[PDB]
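[1] Mind folding the following:
(2 chains, ligands or ions: 2)
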Number of protein chains: 2
Amino acid sequence: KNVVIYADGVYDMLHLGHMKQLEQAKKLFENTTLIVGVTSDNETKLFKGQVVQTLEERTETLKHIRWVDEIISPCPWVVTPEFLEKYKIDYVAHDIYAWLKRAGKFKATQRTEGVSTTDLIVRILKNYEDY
Amino acid sequence: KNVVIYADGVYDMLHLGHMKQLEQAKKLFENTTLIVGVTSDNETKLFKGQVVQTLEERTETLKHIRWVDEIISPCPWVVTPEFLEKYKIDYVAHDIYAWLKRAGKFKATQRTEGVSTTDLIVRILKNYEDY
Ligand SMILES: NCCc1ccc(O)cc1
Ligand SMILES: NCCc1ccc(O)cc1
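    Residues are numbered from 1 along each chain as shown, chains lettered A, B, ... in the order given. Ligands and ions are numbered 1, 2, ... in the order given. Sure, the structure comes next:
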């Protein structure tokens, strides 16, 4: 009855939006094991953009999140069908993944806007009137 | 065999230092229930200092932390012996609490410096040379 779920990401400056996404993946089925993949520093900076925390730091933080059962750190930057077979993964949860949908292994999850870490720094700054 | 542990705090902009502290409280004994108290907005600002996230936001974030079994939100600003009796609390874990030590109900925990949220914003800013 136990369904292996895989989610990946940078998880830089972990905030409530990441946590809500992890929870939703974990609760896709009644009985799950959620594996979370954490992207490497060199590959993230080359392909996506700047990251402030190292792989070690980003991974140590995810360890404290209730919904996380396993962590692959670093994870591969591209999910392959060999990867799914090797870790006996039943679904990938993300927010091209055409082949994942074709195989029935795709489960969508939602981003929550406005809860980010950068948003909080903006809130602190609003305390200082421009004039 | 199950030991009720109580920890309280502001938990504004939750970071790895808070998480490590919660873990340490949770692992004080083999078999624990960790209750976490979250201080109110009005009382924190009057007595400690400024807080950026509301009570609701600070509490919703703690809900995702693996070590947290129960949350009292808002918690009282001062722990009283009536409070310990009402929630059948065996130890309070903090980092005056003289009466707690006299009763054998005090367990110390450690702050981890340098992992804070404000520290990360400083790191982002170091990317911009003064000149
Ligand atoms: N969430 C950031 C985008 C991304 C996700 C997963 C991955 O393997 C590579 C990039
Ligand atoms: N960690 C901030 C200091 C504080 C802790 C607990 C409490 O009930 C009131 C203030």
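
[2] List phi and psi for the nearest residue to residue A:71 once chain neighbours are set aside.
    The shortest distance from residue A:71 to any non-neighbouring residue, by Cβ to Cβ, 6 or more residues apart in numbering or on different chains, is to residue A:36 (5.2 Å). (C-beta placed from N, C-alpha, C; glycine too.) Backbone torsions for residue A:36, taken as degrees, to the nearest 10, come to phi -120, psi 130.

[3] burial of residue A:36, as a residue count?
    Neighbourhood size, residue A:36 [other Cβ atoms under 10 Å in any protein chain shown]: 27.

[4] That one: what's it in contact with?
    By Cβ atoms under 8 Å, 6 or more residues apart in numbering or on different chains, the residues touching residue A:36 are A:6-9, A:11, A:22, A:62, A:68, A:70-72.

[5] Show me what from chain A comes close to chain B.
    Residues of chain A lying near chain B by Cβ under 8 Å from any Cβ of the partner chain: A:13, A:16, A:19-20, A:22-23, A:52-53, A:57, A:60-61, A:63-68, A:115, A:117, A:120-121, A:123-124.

[6] ok, of these, which come out buried?
    Buried subset of those (neighbour count, 16 or more other Cβ atoms under 10 Å in any protein chain shown): A:13, A:16, A:19-20, A:22-23, A:53, A:57, A:60-61, A:64-65, A:67-68, A:115, A:117, A:120-121.

[7] Which of the three states applies to residue A:25?
    Under DSSP: H, G, I helix; E, B strand; the rest coil, the three-state class of residue A:25 is helix.

[8] I'd say it and residue A:67 touch.
    Yes. Under the criterion of Cβ atoms under 8 Å, residue A:25 makes contact with residue A:67 at 7.4 Å.

[9] so what sits against both of these two?
    residue A:34.

[10] Can you show me the strands along chain A?
    Along chain A, counting by DSSP state E, strands occupy A:3-9, A:32-39, A:70-75, A:91-94, A:106-108.

[11] Please give the number of neighbouring residues around residue A:24.
    Residue A:24 has 18 nearby residues by other Cβ under 10 Å.

[12] how close does it get to residue A:114?
    Distance check for residue A:24 against residue A:114: by Cβ to Cβ, to the nearest Å, it reads 17 Å.

[13] same thing with residue A:44?
    From residue A:44 to residue A:114 the distance is 23 Å (Cβ to Cβ).

[14] now swap in residue A:77 and tell me
    Separation of residue A:77 from residue A:114 (Cβ to Cβ) stands at 28 Å.

[15] Who has more neighbours out of the two?
    In this view residue A:77 and residue A:114 are compared by other Cβ under 10 Å, and residue A:77 has more residues nearby, 15 against 7.

[16] Skipping its backbone neighbours, what lies nearest the more buried one in space?
    Using Cβ to Cβ, 6+ apart, the nearest residue to residue A:77 is residue A:43, at 4.6 Å.

[17] which residues of chain A fall in helices?
    A:16-26, A:41-47, A:55-62, A:81-86, A:98-102, A:117-125 (DSSP state H).

[18] In JSON lines: those, plus distance to ligand 2.
    Listed next are these as JSON lines, based on distance: least, Cβ to the nearest ligand atom, whole Å:
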{"stretch": "helix A:16-26", "distance to ligand 2": "20"}
{"stretch": "helix A:41-47", "distance to ligand 2": "33"}
{"stretch": "helix A:55-62", "distance to ligand 2": "20"}
{"stretch": "helix A:81-86", "distance to ligand 2": "43"}
{"stretch": "helix A:98-102", "distance to ligand 2": "45"}
{"stretch": "helix A:117-125", "distance to ligand 2": "18"}
